[PDB]
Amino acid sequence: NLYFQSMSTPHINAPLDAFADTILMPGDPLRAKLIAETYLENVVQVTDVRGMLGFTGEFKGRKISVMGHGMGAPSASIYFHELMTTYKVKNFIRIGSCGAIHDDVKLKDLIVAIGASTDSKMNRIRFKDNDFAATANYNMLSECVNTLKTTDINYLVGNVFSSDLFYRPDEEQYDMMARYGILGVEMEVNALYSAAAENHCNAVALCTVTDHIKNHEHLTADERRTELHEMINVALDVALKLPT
């Protein structure tokens, strides 16, 4: 069975057995490396195509993977597709950052995304120009909240907006987003939840409020480190509670 022994994907160079059932994914592959090296035991780097580093190790006796997805729906969707099909990964926790768009949401809040609005056309293309509701797996959402209830993290459970556009002419659309309940803006949650729906996989996303777009305030580099730690402690706790 050489064809299968040597099987990989165009964007991942891991052998087929290399990933855990559960994966944590930030956008930044260097953050994936920092996470794996800091929190996991017996770590192996399993993929590095295009510098998109992925790792598998153990946490408290459970196999866990960590890998970058890159920026934006089209990049993220490629890795989600390949992981959910070829590599048979089941559970996905996006560990992200977002920008707040209203003073009621504060720097250092942790958003647990029930759903994700978007300005991508990808779902319209696949879904006959209907509005696709991109939502989290309930069990993973609930596990996140149950872990968070045991912490001092200020968290919010609601919707994000996943945009193709990092740069925009002005803040007018941001005010409209806030009017209709959007808690923060980022780029890959809608893609994760949509890919998970297609592939019968389970997904949730945590997004630290690292920047306040409306208030023009930003966490320091050190503050980002602190809040990353809070989010990873939560994510790993959730991973440990998922069935095997």
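When you see a residue number, it is the position in the sequence shown, counting from 1.
Two stretches are in play, 98-106 and 159-167, and the higher mean C-alpha B-factor belongs to 98-106. As listed in the deposited structure, the average C-alpha B-factor of 84-92 and of 148-156 is greater for 148-156. Across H200, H69, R50, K33, the greatest Cα temperature factor reported in the deposited entry is at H200.
Taking only the listed residues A196, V204, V44, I182, the entry reports the highest CA temperature factor at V44. Looking at the C-alpha B-factors along this chain, the one for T210 belongs to the middle third.
When the CA B factors of the chain's modelled residues are split into thirds, the value for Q173 lands in the highest one. When the CA B factors of the chain's modelled residues are split into thirds, the value for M231 lands in the middle one. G54 sits in the lowest third of its chain by CA B factor, as recorded in the PDB entry. The deposited CA B-factor of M25 belongs to the lowest third of values across its chain.
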